[PDB]
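Peer 1: Quick one: this structure, given as structure tokens, is what I'll be asking you about.
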Amino acid sequence: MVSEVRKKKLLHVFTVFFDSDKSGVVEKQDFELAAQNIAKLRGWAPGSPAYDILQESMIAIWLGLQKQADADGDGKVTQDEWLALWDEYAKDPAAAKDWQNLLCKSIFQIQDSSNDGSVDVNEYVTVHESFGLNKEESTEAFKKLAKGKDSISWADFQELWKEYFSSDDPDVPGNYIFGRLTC
Ligand SMILES: [Ca+2]
Ligand SMILES: [Ca+2]
Ligand SMILES: [Ca+2]
């Protein structure tokens, strides 16, 4: 129902971008930590105005994730619960659209700290470094996304997002939106 190419991409997002604390299970505290880690690299003090926008944005991703995938209502999203959602969307892709669109927008919002509506290499790399990825490797992943440009527009980002979550092609540029892939 889900190709190994897409499984690899789904579990990379789960293990790197959702499970910040590496417990193996996704919980609200992972997204509080994610906001803390990004704010620390940006030099945004906790309780600062900029910090609370970032934390709110991160809590909004968590609640959308919890509503979609926490099937047993324990307040946690297992790796099996994440893959189980995507088996559901494989039968009814049309139902994925509202949530995917909100998640796409949230992820772009967290990266675009200048609010100019494009993601530059320092915006992209800084967020990747906060999630524990290699700087040089994220710099290379950015170069594969930006097609020669200094910035990724919102419009380019929505296309790259669709490829990352939908394409069974192991080598489309959208496969780089969450940096160099983990196996
Ligand atoms: Ca966790
Ligand atoms: Ca659960
Ligand atoms: Ca920007």
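In the structure tokens, chains take the letters A, B, ... in the order shown, each chain's residues start at 1, and ligands count up from 1 in the order shown.
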Could you produce a table of the residues of chain A lying within 12 Å of ligand 2, with the nearest pair of atoms per residue and their separation in Å rounded to one decimal, using only C-alpha atoms and all ligand atoms, ordered by chain and increasing residue number, as CSV?
Peer 2:
residue,atom,partner,partner_atom_place_in_ligand_line,distance
A:25,CA,ligand 2,1 (Ca),8.7
A:26,CA,ligand 2,1 (Ca),8.7
A:27,CA,ligand 2,1 (Ca),9.1
A:28,CA,ligand 2,1 (Ca),11.9
A:65,CA,ligand 2,1 (Ca),10.6
A:66,CA,ligand 2,1 (Ca),8.0
A:67,CA,ligand 2,1 (Ca),10.0
A:68,CA,ligand 2,1 (Ca),10.4
A:69,CA,ligand 2,1 (Ca),7.2
A:70,CA,ligand 2,1 (Ca),4.0
A:71,CA,ligand 2,1 (Ca),5.6
A:72,CA,ligand 2,1 (Ca),4.9
A:73,CA,ligand 2,1 (Ca),5.5
A:74,CA,ligand 2,1 (Ca),4.9
A:75,CA,ligand 2,1 (Ca),5.7
A:76,CA,ligand 2,1 (Ca),4.2
A:77,CA,ligand 2,1 (Ca),4.5
A:78,CA,ligand 2,1 (Ca),6.0
A:79,CA,ligand 2,1 (Ca),9.4
A:80,CA,ligand 2,1 (Ca),9.2
A:81,CA,ligand 2,1 (Ca),6.7
A:82,CA,ligand 2,1 (Ca),9.4
A:84,CA,ligand 2,1 (Ca),11.3
A:85,CA,ligand 2,1 (Ca),11.7
Peer 1: Just C-alpha atoms for this one: save the residues we selected as a tab-separated table (two decimals), in the first residue's frame.
Peer 2:
chain	number	residue	atom	x	y	z
A	25	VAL	CA	7.03	7.78	20.43
A	26	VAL	CA	5.67	11.25	19.44
A	27	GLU	CA	4.18	13.37	22.25
A	28	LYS	CA	3.45	17.04	22.86
A	65	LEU	CA	-0.93	15.09	14.23
A	66	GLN	CA	-2.64	13.84	17.43
A	67	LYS	CA	-6.18	14.27	15.94
A	68	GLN	CA	-5.15	12.42	12.71
A	69	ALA	CA	-3.02	9.50	14.07
A	70	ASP	CA	-3.59	8.91	17.87
A	71	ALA	CA	-6.09	6.03	17.27
A	72	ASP	CA	-6.15	4.72	20.88
A	73	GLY	CA	-6.44	8.19	22.56
A	74	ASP	CA	-3.39	7.79	24.94
A	75	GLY	CA	-2.12	11.25	23.73
A	76	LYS	CA	0.84	9.68	21.86
A	77	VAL	CA	1.58	8.77	18.21
A	78	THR	CA	3.55	5.53	17.73
A	79	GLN	CA	5.46	4.78	14.51
A	80	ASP	CA	2.75	2.06	13.74
A	81	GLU	CA	-0.02	4.77	14.24
A	82	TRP	CA	1.84	7.14	11.77
A	84	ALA	CA	-1.40	3.28	9.72
A	85	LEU	CA	-2.70	6.80	8.83
Peer 1: Can you work out which residues are within 7 Å of ligand 3, considering only C-alpha atoms and all ligand atoms, and then hand them over as a PyMOL selection string?
Peer 2: chain A and resi 112-120+123
Peer 1: Residues up to 7 Å from ligand 1, counting only C-alpha atoms and all ligand atoms: could you list those as a PDB file with N, CA and C atoms, in the first residue's frame?
Peer 2:
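Dumped to selection_6.pdb:
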ATOM      1  N   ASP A  19       9.892  13.260  16.500  1.00  0.00           N
ATOM      2  CA  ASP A  19      10.343  12.576  17.738  1.00  0.00           C
ATOM      3  C   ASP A  19      11.647  13.245  18.207  1.00  0.00           C
ATOM      4  N   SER A  20      11.573  14.531  18.491  1.00  0.00           N
ATOM      5  CA  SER A  20      12.767  15.340  18.837  1.00  0.00           C
ATOM      6  C   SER A  20      13.575  14.661  19.942  1.00  0.00           C
ATOM      7  N   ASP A  21      12.950  13.937  20.865  1.00  0.00           N
ATOM      8  CA  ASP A  21      13.620  13.513  22.122  1.00  0.00           C
ATOM      9  C   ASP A  21      14.053  12.078  21.900  1.00  0.00           C
ATOM     10  N   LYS A  22      13.731  11.515  20.738  1.00  0.00           N
ATOM     11  CA  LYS A  22      14.272  10.189  20.332  1.00  0.00           C
ATOM     12  C   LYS A  22      13.699   9.094  21.236  1.00  0.00           C
ATOM     13  N   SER A  23      12.615   9.334  21.960  1.00  0.00           N
ATOM     14  CA  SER A  23      11.926   8.278  22.749  1.00  0.00           C
ATOM     15  C   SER A  23      11.445   7.136  21.840  1.00  0.00           C
ATOM     16  N   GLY A  24      11.263   7.356  20.529  1.00  0.00           N
ATOM     17  CA  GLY A  24      10.589   6.403  19.616  1.00  0.00           C
ATOM     18  C   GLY A  24       9.058   6.617  19.503  1.00  0.00           C
ATOM     19  N   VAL A  25       8.486   7.458  20.379  1.00  0.00           N
ATOM     20  CA  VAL A  25       7.030   7.782  20.430  1.00  0.00           C
ATOM     21  C   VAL A  25       6.885   9.301  20.417  1.00  0.00           C
ATOM     22  N   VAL A  26       5.925   9.796  19.627  1.00  0.00           N
ATOM     23  CA  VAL A  26       5.669  11.251  19.441  1.00  0.00           C
ATOM     24  C   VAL A  26       4.593  11.692  20.440  1.00  0.00           C
ATOM     25  N   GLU A  27       4.940  12.765  21.150  1.00  0.00           N
ATOM     26  CA  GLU A  27       4.183  13.365  22.253  1.00  0.00           C
ATOM     27  C   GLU A  27       4.339  14.876  22.179  1.00  0.00           C
ATOM     28  N   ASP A  30       7.701  16.576  22.551  1.00  0.00           N
ATOM     29  CA  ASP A  30       8.696  16.578  21.448  1.00  0.00           C
ATOM     30  C   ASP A  30       8.646  17.926  20.745  1.00  0.00           C
TER      31      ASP A  30
END
Peer 1: Could you find all residues in stretch 82-150 of chain A that DSSP calls helix (DSSP H, G or I) from the backbone, and write them as JSON, numbers by chain?
Peer 2: {"A": [82, 83, 84, 85, 86, 87, 88, 89, 90, 91, 93, 94, 95, 96, 97, 98, 99, 100, 101, 102, 103, 104, 105, 106, 107, 108, 109, 110, 111, 121, 122, 123, 124, 125, 126, 127, 128, 129, 130, 135, 136, 137, 138, 139, 140, 141, 142, 143, 144, 145, 146]}
Peer 1: If we count only C-alpha atoms and set the cut-off at 8 Å, which residues sit around residue A:141, ignoring sequence neighbours fewer than 6 positions away in its own chain? Please answer as a list in words.
Peer 2: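 My reading of the contact set: residues 176, 177, 179 and 180 of chain A.
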Peer 1: Take the residues from that selection and write them out as a JSON list (two decimals), in the first residue's frame, keeping N, CA and C atoms.
Peer 2:
[["chain", "number", "residue", "atom", "x", "y", "z"],
["A", 176, "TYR", "N", 14.20, 15.95, -0.79],
["A", 176, "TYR", "CA", 15.24, 16.65, 0.00],
["A", 176, "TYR", "C", 14.67, 17.69, 0.97],
["A", 177, "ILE", "N", 13.35, 17.84, 1.09],
["A", 177, "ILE", "CA", 12.79, 18.96, 1.90],
["A", 177, "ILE", "C", 13.13, 18.76, 3.37],
["A", 179, "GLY", "N", 15.97, 17.41, 4.45],
["A", 179, "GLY", "CA", 17.44, 17.22, 4.40],
["A", 179, "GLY", "C", 17.85, 15.92, 3.76],
["A", 180, "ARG", "N", 19.07, 15.48, 4.05],
["A", 180, "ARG", "CA", 19.55, 14.15, 3.62],
["A", 180, "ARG", "C", 18.74, 13.08, 4.36]]
Peer 1: Tell me, as a ChimeraX atom specification, which residues lie within 12 Å of residue A:132, counting only C-alpha atoms; anything in the same chain fewer than 5 positions away does not count.
Peer 2: /A:15-17,19-22,34,37-38,41,125-127,137-138,178-180,182
Peer 1: Please provide as a compact mmCIF listing (two decimals) with N, CA and C atoms, in the first residue's frame all residues within 8 Å of residue A:108, with the sequence filter that same-chain residues fewer than 3 positions apart are discarded (counting only C-alpha atoms).
Peer 2:
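Result written to result.txt:
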# COMPACT_ATOMS: atom_id res chain seq x y z
N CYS A 104 1.90 21.34 5.75
CA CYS A 104 2.82 22.01 4.77
C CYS A 104 3.05 23.47 5.19
N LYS A 105 1.97 24.17 5.53
CA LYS A 105 1.97 25.61 5.80
C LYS A 105 2.70 25.92 7.12
N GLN A 111 10.10 27.67 9.22
CA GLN A 111 11.41 27.92 8.57
C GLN A 111 11.56 29.41 8.19
N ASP A 112 10.49 30.07 7.77
CA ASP A 112 10.56 31.46 7.26
C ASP A 112 10.59 32.50 8.41
N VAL A 119 12.10 30.68 1.83
CA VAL A 119 13.06 30.06 2.78
C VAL A 119 14.47 30.11 2.19
N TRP A 154 7.10 29.99 -1.44
CA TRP A 154 5.95 29.20 -0.91
C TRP A 154 5.46 28.25 -2.02
N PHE A 157 7.74 25.39 -2.57
CA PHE A 157 7.63 24.54 -1.37
C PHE A 157 6.42 23.61 -1.43
Peer 1: Output as a list in words all residues of stretch 6-176 of chain A that backbone DSSP marks as strand (DSSP E or B).
Peer 2: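 Everything in stretch 6-176 of chain A that counts as strand (DSSP E or B) is residues 26, 77, 118, 119, 120, 151, 152 and 153 of chain A.
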Peer 1: Write to file, as a PDB file, in the first residue's frame, the residues of the selection just made, with N, CA, C and O atoms.
Peer 2:
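Output (again-v8.pdb):
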ATOM      1  N   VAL A  26       5.925   9.796  19.627  1.00  0.00           N
ATOM      2  CA  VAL A  26       5.669  11.251  19.441  1.00  0.00           C
ATOM      3  C   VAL A  26       4.593  11.692  20.440  1.00  0.00           C
ATOM      4  O   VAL A  26       3.566  11.006  20.627  1.00  0.00           O
ATOM      5  N   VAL A  77       1.582   9.266  19.591  1.00  0.00           N
ATOM      6  CA  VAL A  77       1.577   8.773  18.207  1.00  0.00           C
ATOM      7  C   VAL A  77       2.815   7.876  18.083  1.00  0.00           C
ATOM      8  O   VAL A  77       4.003   8.378  18.127  1.00  0.00           O
ATOM      9  N   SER A 118       9.684  33.348   1.606  1.00  0.00           N
ATOM     10  CA  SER A 118      10.662  32.453   0.937  1.00  0.00           C
ATOM     11  C   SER A 118      11.574  31.877   2.025  1.00  0.00           C
ATOM     12  O   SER A 118      11.751  32.550   3.044  1.00  0.00           O
ATOM     13  N   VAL A 119      12.100  30.678   1.830  1.00  0.00           N
ATOM     14  CA  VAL A 119      13.061  30.061   2.779  1.00  0.00           C
ATOM     15  C   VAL A 119      14.466  30.108   2.194  1.00  0.00           C
ATOM     16  O   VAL A 119      14.674  29.463   1.128  1.00  0.00           O
ATOM     17  N   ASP A 120      15.408  30.813   2.860  1.00  0.00           N
ATOM     18  CA  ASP A 120      16.784  30.945   2.336  1.00  0.00           C
ATOM     19  C   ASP A 120      17.647  29.822   2.958  1.00  0.00           C
ATOM     20  O   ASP A 120      17.122  29.025   3.789  1.00  0.00           O
ATOM     21  N   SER A 151      16.651  31.291  -2.611  1.00  0.00           N
ATOM     22  CA  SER A 151      15.468  31.066  -1.730  1.00  0.00           C
ATOM     23  C   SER A 151      14.460  30.133  -2.403  1.00  0.00           C
ATOM     24  O   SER A 151      14.518  30.008  -3.636  1.00  0.00           O
ATOM     25  N   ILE A 152      13.692  29.431  -1.570  1.00  0.00           N
ATOM     26  CA  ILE A 152      12.560  28.523  -1.952  1.00  0.00           C
ATOM     27  C   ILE A 152      11.258  29.305  -1.716  1.00  0.00           C
ATOM     28  O   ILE A 152      10.958  29.656  -0.542  1.00  0.00           O
ATOM     29  N   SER A 153      10.504  29.596  -2.760  1.00  0.00           N
ATOM     30  CA  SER A 153       9.220  30.348  -2.621  1.00  0.00           C
ATOM     31  C   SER A 153       8.199  29.417  -1.949  1.00  0.00           C
ATOM     32  O   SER A 153       8.413  28.165  -1.984  1.00  0.00           O
TER      33      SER A 153
END
Peer 1: Return the single residue from A:172, A:3, A:143, A:32 that is closest to residue A:51, with distances computed using only C-alpha atoms.
Peer 2: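 Among the listed residues, the smallest separation from residue A:51 belongs to A:32.
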Peer 1: If you count only C-alpha atoms, which residues fall within 9 Å of residue A:86, apart from same-chain ones fewer than 4 positions away, as a PDB file with N, CA and C atoms, in the first residue's frame?
Peer 2:
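For reference, around_15.pdb as written:
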ATOM      1  N   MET A   1       0.866  -1.228   0.000  1.00  0.00           N
ATOM      2  CA  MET A   1       0.000   0.000   0.000  1.00  0.00           C
ATOM      3  C   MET A   1       0.879   1.247   0.000  1.00  0.00           C
ATOM      4  N   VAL A   2       2.052   1.196   0.639  1.00  0.00           N
ATOM      5  CA  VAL A   2       3.047   2.314   0.638  1.00  0.00           C
ATOM      6  C   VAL A   2       4.410   1.774   0.158  1.00  0.00           C
ATOM      7  N   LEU A  10       8.452   8.668   5.040  1.00  0.00           N
ATOM      8  CA  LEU A  10       7.498   8.883   6.159  1.00  0.00           C
ATOM      9  C   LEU A  10       8.202   8.716   7.515  1.00  0.00           C
ATOM     10  N   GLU A  81       1.138   3.847  14.422  1.00  0.00           N
ATOM     11  CA  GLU A  81      -0.023   4.774  14.241  1.00  0.00           C
ATOM     12  C   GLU A  81       0.225   5.739  13.053  1.00  0.00           C
ATOM     13  N   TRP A  82       1.447   6.260  12.907  1.00  0.00           N
ATOM     14  CA  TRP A  82       1.843   7.138  11.768  1.00  0.00           C
ATOM     15  C   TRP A  82       1.707   6.364  10.438  1.00  0.00           C
ATOM     16  N   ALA A  90      -3.832   5.962   1.483  1.00  0.00           N
ATOM     17  CA  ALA A  90      -3.524   5.181   0.263  1.00  0.00           C
ATOM     18  C   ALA A  90      -4.843   4.739  -0.405  1.00  0.00           C
ATOM     19  N   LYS A  91      -5.861   4.372   0.399  1.00  0.00           N
ATOM     20  CA  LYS A  91      -7.218   3.961  -0.055  1.00  0.00           C
ATOM     21  C   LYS A  91      -8.062   5.185  -0.417  1.00  0.00           C
ATOM     22  N   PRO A  93      -6.980   9.015  -0.943  1.00  0.00           N
ATOM     23  CA  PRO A  93      -5.995  10.108  -0.929  1.00  0.00           C
ATOM     24  C   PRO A  93      -6.617  11.497  -0.690  1.00  0.00           C
ATOM     25  N   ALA A  96      -6.757  13.084   2.823  1.00  0.00           N
ATOM     26  CA  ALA A  96      -5.463  13.587   3.347  1.00  0.00           C
ATOM     27  C   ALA A  96      -5.290  15.092   3.122  1.00  0.00           C
TER      28      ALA A  96
END
Peer 1: Work out how far atom CA of residue A:31 is from atom CA of residue A:174, in Å to one decimal.
Peer 2: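 Taking atom CA of residue A:174 as the start and atom CA of residue A:31 as the end point, the length is 23.5 Å.
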Peer 1: Of the candidates A:155, A:83, A:107, A:39, which shows the shortest atom-to-atom distance to residue A:55, using only C-alpha atoms?
Peer 2: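 When distances to residue A:55 are compared using only C-alpha atoms, the smallest one comes from A:39.
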Peer 1: My list of candidates is A:129, A:168, A:87, A:56. Which is closest to residue A:40 when distances are computed with only C-alpha atoms?
Peer 2: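 Once distances to residue A:40 are computed over only C-alpha atoms, the minimum belongs to A:129.
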Peer 1: What's the 9 Å shell around residue A:156, counting only C-alpha atoms, without same-chain residues fewer than 5 positions away, as a PyMOL selection string?
Peer 2: chain A and resi 145-146+161
